[PDB]
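Report on the structure
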Amino acid sequence: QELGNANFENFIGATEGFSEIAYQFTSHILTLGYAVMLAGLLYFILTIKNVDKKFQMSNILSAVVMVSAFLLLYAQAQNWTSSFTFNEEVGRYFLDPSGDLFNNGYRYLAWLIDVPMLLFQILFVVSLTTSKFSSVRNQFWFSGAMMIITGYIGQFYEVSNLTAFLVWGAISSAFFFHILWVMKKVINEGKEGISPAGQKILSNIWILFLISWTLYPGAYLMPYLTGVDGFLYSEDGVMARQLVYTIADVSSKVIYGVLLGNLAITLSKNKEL
Amino acid sequence: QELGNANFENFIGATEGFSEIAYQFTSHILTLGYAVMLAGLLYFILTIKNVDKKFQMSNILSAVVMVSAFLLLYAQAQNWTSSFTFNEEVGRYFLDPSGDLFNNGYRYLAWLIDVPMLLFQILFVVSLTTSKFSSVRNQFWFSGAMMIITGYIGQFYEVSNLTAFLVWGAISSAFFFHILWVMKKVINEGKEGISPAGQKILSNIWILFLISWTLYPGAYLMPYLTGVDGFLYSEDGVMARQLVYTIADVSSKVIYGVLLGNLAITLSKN
Amino acid sequence: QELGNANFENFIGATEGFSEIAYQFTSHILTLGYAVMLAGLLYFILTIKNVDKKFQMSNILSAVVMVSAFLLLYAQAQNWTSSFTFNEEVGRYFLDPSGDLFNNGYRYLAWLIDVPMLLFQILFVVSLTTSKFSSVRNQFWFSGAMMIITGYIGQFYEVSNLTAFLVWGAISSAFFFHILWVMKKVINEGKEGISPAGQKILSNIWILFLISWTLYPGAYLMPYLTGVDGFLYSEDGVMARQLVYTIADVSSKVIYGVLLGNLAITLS
Amino acid sequence: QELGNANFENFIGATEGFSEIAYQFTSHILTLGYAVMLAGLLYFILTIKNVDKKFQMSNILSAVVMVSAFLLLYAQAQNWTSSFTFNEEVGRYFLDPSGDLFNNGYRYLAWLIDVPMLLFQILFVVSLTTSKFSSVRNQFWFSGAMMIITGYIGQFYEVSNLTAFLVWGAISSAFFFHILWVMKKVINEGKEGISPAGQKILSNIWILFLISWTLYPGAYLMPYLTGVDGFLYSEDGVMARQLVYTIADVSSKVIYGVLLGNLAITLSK
Amino acid sequence: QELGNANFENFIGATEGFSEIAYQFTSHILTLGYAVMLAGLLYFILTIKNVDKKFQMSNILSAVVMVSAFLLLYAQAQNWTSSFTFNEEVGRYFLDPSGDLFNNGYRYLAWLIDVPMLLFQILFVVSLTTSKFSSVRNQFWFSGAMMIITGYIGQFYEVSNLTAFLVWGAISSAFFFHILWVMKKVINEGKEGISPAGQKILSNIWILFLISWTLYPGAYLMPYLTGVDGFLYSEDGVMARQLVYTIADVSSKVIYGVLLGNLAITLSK
Ligand SMILES: *C/C=C(C)/C=C/C=C(C)/C=C/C1=C(C)CCCC1(C)C
Ligand SMILES: *C/C=C(C)/C=C/C=C(C)/C=C/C1=C(C)CCCC1(C)C
Ligand SMILES: *C/C=C(C)/C=C/C=C(C)/C=C/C1=C(C)CCCC1(C)C
Ligand SMILES: *C/C=C(C)/C=C/C=C(C)/C=C/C1=C(C)CCCC1(C)C
Ligand SMILES: *C/C=C(C)/C=C/C=C(C)/C=C/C1=C(C)CCCC1(C)C
Ligand SMILES: CCCCCCCC/C=C\CCCCCCCC(=O)O
Ligand SMILES: CCCCCCCC/C=C\CCCCCCCC(=O)O
Ligand SMILES: CCCCCCCCCCCCCCCCCCCC
Ligand SMILES: CCCCCCCCO[C@@H]1O[C@H](CO)[C@@H](O)[C@H](O)[C@H]1O
Ligand SMILES: CCCCCCCCO[C@@H]1O[C@H](CO)[C@@H](O)[C@H](O)[C@H]1O
Ligand SMILES: CCCCCCCCO[C@@H]1O[C@H](CO)[C@@H](O)[C@H](O)[C@H]1O
Ligand SMILES: CCCCCCCCO[C@@H]1O[C@H](CO)[C@@H](O)[C@H](O)[C@H]1O
Ligand SMILES: CCCCCCCCO[C@@H]1O[C@H](CO)[C@@H](O)[C@H](O)[C@H]1O
Ligand code: NA
Ligand code: NA
Ligand code: NA
Ligand code: NA
Ligand code: NA
């Protein structure tokens, strides 16, 4: 069947189809996804006044990211259940083109909000030393945009053109490495002149940032992580991808925002929690 | 009909179908479910300033749980009405696979939010004595996660593989017993150094916690609580399961959060 | 055809069908219903700080009831338009079982929130004298639950089994009479030791409570209030039922909550 | 094609059908409608503390009206797109009875909230002189209810029974004239004892009130304003009706509420 | 197939259809659109108290615009996915008339809120010198309305009548030039009496305003920017149009509102 430049979920759904567990779990994990984000939105708004005025922009930017993540994860949850329909004869869920093909591209364009804001918000909690605020922000935003746009293009070809998929993925990775480099500097400078408690939290933020952000390229490659005709090029890979995205999203956005909020509390003159 | 690793609601819906009462009630009880949660969300936000600053995180976490519960119970209410469609000839609601099979798994993964937050929030009202905050939190979260994940896997097999269903259910129960054990300690230490009024509320919280949380494994086993081909392996069992879930949800989340709020008030200097 | 234990709306919709006016009005009155509740929600939140801290719980509980009523009335509005579809040949709206049968049961289980909270909230404005707070609350909640659950069961049989319908309805009425009795006591004790202004408002609250709450059993019996094959056992009865529910809901929840808020202001 | 006691939009949609422009515009104007109301809701909440406590009830009642108007205009926007479906052969949108017949009745019952609250809220900004607060409120509410209910009944017959349509419309107009009379008194008394700036705003409120409220009976009669088989008894009349409703709604609710808010500011210490 | 006075997206969708990338991207960019607006709504509400009371109306008006933009961009995102359906045989998305024809007109009527409020809100941050507040406001609102209404009419003819399309577009452009002229005056007077930092921000606001607002007529002409049977009269042009709209919307509404907020902060004591 002719699917063109479509995500591998559609090829699995169109040929093998999805078992009850594969279809239900993907739906459940996406639902948890958007549930977490709307819960996070409420948390970040309600905890604004727990930190000094100077730090509250970080809470606001966390909230901004929650709204974006919620809307996108909600939309993507609906796209999943629309794109795959139960076949009574074989008892599996197959591609339902009437619901449109499933595409992860929704997530990517959403990142155009998330990435810039997540990178930006830490600069409202930590004080830079040697690096200039405007410089770090511009590097984050430029490399953030380029990372997303190049990855966005690549993922359309994840089945139709493995070469384009890997080249665009490679280019995207370059910009990612640059972001990791800059965020490392920001963490280091942020540690300078603050309590050991605040330094400990920034150490945790860096580990969280490194793992959670690396999961995204992992999700990108998921179908081919077990090579050609591998275990992962299947419904199991489809489940894995959306699980990894959901773990990444919760970690990179919510847990990240909570740690920043806790850092803001330690750096606050009035608050001591 | 080939349903695979599907919940028993789908087997009842596909064979016997659901009477008007069975279908309507299940829909009504799920609707009440999400209505209560969105009402609770408003209550917990509006009562934040009724307790001292240090206790307000408990109100916030209650609110967080309400958002999760509302979204999931709302989604599950829609999944119910999508999965079962009226047949004019026989006058019963039968499985409509076009709406997807009904699965309780939505609820389970939601618990990944609810359980950790419900267990966590009490540690913002009560003061521990001998137990370390970080230690209790880690035990709650680990055993909470494992309880849910193992139960989640099990419930897929509640018809297709009774053995897998019971083994995973058993493993889940172990983690549940651990949570009960730790929450007992937390309640006891919480009682130390507070007024009799506060101690009374914690006693109520423990009874509420014990009964409400035990209902979940009850809902898990519901179809087989009257044995093979029993009274409960029917639309009556389907009704019972969603009723028990709804009672459990209201009790474990809303009533729990209200009692914690009342405890916070007694512990408040204002 | 076989409808089983279904509400009479489905039998009218399946046999005679609904005229444009009957179908449209039922949809309009249900829409007004949920519109009023979401408007009320905003009113009750925005007026919280108009009364002393001790009374603000009443505003909060009003808000809680608005969220419940909005969600349920909204759902019920959608259920109405899903359950009845236009037939081009005859130009009437007939039962569309693909949308599910219409059931008022949604409203009933919602009352499990509304009734307990509406009864509870007055105990945050008025001071009891002889009656114990906990005692009144428990009586309200128990009799409230039993009234709803018994009525809920009964309304499933409003066509399929007139006997079960009337028996369950009768049992429900008993619990209702108990609630009326207890609320009367609460009003009387509430009047003791407060300004004439506060006493006037409580007098109004009692009249409102009595009429608005009595409309619900009226809506219950609506199809048979004109007896067998009566004027009301028709689309006109379907319209009447949802109108009475909507009047009752607005009165019992919104107007009630406003009067309590006004009482709270005089006592502040 | 038996439509019975249905609005004229359904007869146009069932016979001639709607051009792309007619169908799209009606959808766009209704969408703008509910967009304005939800935007207004946010405005009225966010500006509550811009006036003295005594005037803030007017902001709250504005908000209440916004919630009502938003919900109704949103529902009516969906009803429009559900009731008329594109026919590929002729390239026009025809009545799709599966979506239900289109009815303006949704709006009318909504007015049971809007009218009483809009009339009520001015009594929280202006001070009466001769007239008693309770008396004016009761007159507004009674005549408001009767105006809406009689008009609601009438509009069902706007095609099926022109006589019933005009009689009920006439009775409704009587109650409307009473409301205009009372609101005039309220404006006059409101002007007494306030700054010239406040008097100017009330003069604007009266002009706004008079024009915006008169548009509703205009929308009522729209199909027949060019007589039997006139230019307006067509998709152009359908467009006109919903445009007039939307202008009226924005004017009577949002602009009205803004002017009252501005009056409240001038009267604030 | 008879489409009449329909947008070119429908002609591309009805003839060649849309590739996976073209259909998915258009859907993604519209989704990003409304996501940004709802995120912006939260930002503008939460940052109200970051500026002095006198400037807070600008935050409120930013919020008002976010509500409008969110609702419309959300509706337009749904209209896109409703109007084009996958064909299994050829593996492309074709016009699905059952979902209604796609029309950008939704956006235009929304601008009736956005344009007046965006132009208005700057007058709550900057101080005019020689120009009268009321005069600037009236010029903005009149020319704003006329620009939108004339463009709205024109875009219905973008395929059916190229002449009407260009004439209405031309008339619209005249009103646009007037708005640019007035906003220039406002920027100049705004710079007078404020710190160099505030002047720098206003300079950026003017550049942002000029580029972002010019994108709209660009989106209008998009299908014909490569001439008849050009590269852009295709799915690539459809993608381009919605991309440009989304860049314009984010720039003209959100970034604009942020810069105004930053200006308000520098002007705050
Ligand atoms: C909440 C959203 C976040 C944190 C998004 C992060 C996105 C990435 C780190 C993406 C990285 C990618 C690569 C390094 C290669 C393949 C393409 C991407 C965009 C998935
Ligand atoms: C509001 C959500 C709550 C309190 C969830 C609680 C969940 C449980 C106590 C689950 C227990 C289970 C077992 C002990 C065995 C079977 C599987 C479970 C997960 C249902
Ligand atoms: C806003 C919800 C309210 C006030 C609900 C009130 C419900 C009743 C008073 C119900 C009464 C009934 C009977 C007395 C007999 C028939 C069954 C009932 C439940 C409708
Ligand atoms: C925002 C809602 C408002 C201001 C509603 C106003 C409604 C009217 C002024 C209605 C008047 C009518 C007549 C005078 C005759 C025909 C029937 C009516 C109800 C449309
Ligand atoms: C957020 C909404 C904004 C800023 C809207 C701006 C709209 C324009 C600048 C429109 C301009 C047009 C022309 C100059 C000619 C063609 C028609 C228009 C309306 C697109
Ligand atoms: C599976 C992940 C579930 C997480 C739920 C997300 C919604 C709520 C988010 C965070 C709540 C955690 C509260 C942390 C409190 C930190 C201590 C402090 O503030 O002093
Ligand atoms: C069969 C299932 C296998 C995978 C299950 C593993 C899930 C583990 C989940 C949660 C671990 C959380 C416990 C420790 C968290 C403490 C973090 C902190 O200190 O803030
Ligand atoms: C401080 C100035 C006081 C003015 C208050 C007037 C309220 C304005 C309402 C919103 C904007 C109205 C005009 C919008 C632009 C024109 C759109 C109409 C097209 C027919
Ligand atoms: C860094 C990760 C790159 C690994 C390269 C994986 C090569 C995958 O190879 C592809 O696998 C598909 C399904 O498995 C097959 O259908 C394709 O024919 C095949 O080209
Ligand atoms: C308390 C937990 C243990 C209960 C185990 C009950 C065993 C049920 O046994 C099962 O019952 C099904 C429905 O009746 C049948 O269809 C299955 O064939 C049968 O294996
Ligand atoms: C209010 C309590 C009195 C109820 C007694 C009314 C008896 C109605 O009787 C019923 O009327 C239905 C409607 O016409 C018929 O369809 C049934 O056949 C008939 O049993
Ligand atoms: C302002 C008061 C309006 C006067 C009544 C107008 C009389 C219209 O009369 C009606 O016009 C319809 C329009 O086509 C025709 O279809 C009807 O047959 C005709 O009765
Ligand atoms: C000033 C902006 C440039 C306007 C150039 C108008 C020329 C477009 O010309 C048009 O191109 C369409 C696309 O193929 C064709 O379908 C039409 O037949 C053709 O008239
Ligand atoms: Na599906
Ligand atoms: Na159903
Ligand atoms: Na219908
Ligand atoms: Na349509
Ligand atoms: Na589509």
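In the PDB header, X-ray crystallography is given as the technique by which the entry was determined, and 2.4000 Å as its resolution.

1. Overview of the interface of chain B and chain C
Facing 30 residues of chain B, the contacting portion of chain C comprises 30 residues. Here chain B packs against chain C, burying approximately 2,500 Å² in sum over the two surfaces, 71% of which is carbon and sulfur. Between the two partners, chain B and chain C, sit zero salt bridges. Run the count over chain B and chain C and you get eight residue pairs in polar contact. Put simply, the parts of the chain that give the side of chain B that touches chain C at least two residues each are helix 2 (20–46), helix 3 (56–83) and strand 1 (84–87) of chain B. At 18 residues, helix 2 of chain B tops the list of elements feeding residues into the side of chain B that touches chain C.

2. Quick notes on the coordination of the sodium ion (ligand 17)
For the sodium ion (ligand 17), every protein donor is listed as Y23 of chain D (OH), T81 of chain D (O), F84 of chain D (O) and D100 of chain E (OD), and the spread of their distances is 2.3 to 2.5 Å. Residue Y23 of chain D is located in helix 2 (residues 20–46), and its partner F84 of chain D is located in strand 1 (residues 84–87); the two are separated by 61 residues in the primary sequence.

3. Describing the site of ligand 9
All names here are of chain A. By nearness alone, every residue bordering ligand 9 is listed as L162, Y224, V228, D229 and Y233. Surface burial for ligand 9 is 55%, taken as the share of its 530 Å² of free accessible area covered by protein chains. Considering only residue class, the shell around ligand 9 consists of four nonpolar, no polar and one charged.

4. What to know about the arrangement of the chains
Structurally, chain A and chain C remain out of contact, their C-alpha atoms never closer than 17 Å. At their nearest point, the C-alpha atoms of chain B and chain E are still 17 Å apart, with no contact between the two.

5. Regarding unusual backbone geometry
Leaving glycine aside, a negative phi is the common case for residues, and trans is the common case for peptide bonds. At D100 of chain A, a position not held by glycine, the phi torsion is positive, near 80°. Examined against the element boundaries, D100 of chain A turns out to sit in the loop between strand 2 (92–95) and helix 4 (105–121). On the accessibility criterion, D100 of chain A (10% relative accessible area) is buried. One non-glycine residue, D100 of chain C, lies in positive phi territory at about 80°.

6. Observations concerning the site of ligand 1
Residue and element names in this part refer to chain A. Every one of the 17 residues lining ligand 1 counts as a neighbour, but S172, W213, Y216, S252 and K253 are closest to it. Here ligand 1 loses 99% of its free accessible area of 520 Å² to cover by the protein chains. Considering every element that reaches the shell around ligand 1, the biggest residue donor is helix 4, with five residues. When grouped by side-chain class, the residues that make up the shell around ligand 1 number 10 nonpolar, five polar and two charged.

7. Section: the packing of aromatic side chains
Across all of its chains, the model carries 159 aromatic pairs over all chains by this definition. An angle of 85° between the planes, with centres 5.3 Å apart, marks the rings of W80 of chain B and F102 of chain B as edge-to-face. Of this pair, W80 of chain B sits in helix 3 while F102 of chain B is found in the loop between strand 2 (92–95) and helix 4 (105–121), placing the two residues 22 residues apart along the sequence. Here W80 of chain B and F102 of chain B have matching classes, each one buried. Put simply, the rings of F18, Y23, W80, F84, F86, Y93 and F102 of chain A pair up and form one aromatic cluster. Across from the ring centre of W141 of chain D, 5.5 Å away, lies the NZ or CZ of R137 of chain D, which sits over that ring.

Calculation notes
- Residues numbered from 1 in each chain as written, not as in the entry; some residues may be left out.
- Chains lettered and ligands numbered in written order.
- Heavy atoms only, no water.
- Residues with missing side-chain atoms left out of burial classes, pairs and counts.
- Contact = heavy atoms within 4.5 Å.
- Buried area = accessible area lost by both parts, 1.4 Å probe.
- Salt bridge = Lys/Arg side-chain N within 4 Å of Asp/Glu carboxyl O.
- Polar contact = N/O pair within 3.5 Å; in protein donor to acceptor, adjacent residues only side chain to side chain.
- Helix = DSSP H or I, 4+ residues; strand = E, 2+ residues; numbered from the N terminus.
- Donors = N, O, S within 2.8 Å, 3.2 Å for Na, K, Ca; no water.
- Near = heavy atom within 4 Å.
- Areas by Shrake-Rupley, 256 points an atom, 1.4 Å probe, with all protein chains shown as cover.
- Nonpolar A, V, L, I, M, F, W, Y, C, P; charged D, E, K, R; others polar.
- Buried < 20%, exposed > 50% of the residue type's maximum accessible area, 1.4 Å probe, protein only.
- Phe/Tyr/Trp six-rings, centres within 6.5 Å; stacked < 30°, edge-to-face > 60°.
- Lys NZ or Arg CZ within 6 Å of the ring centre and 35° of its normal.

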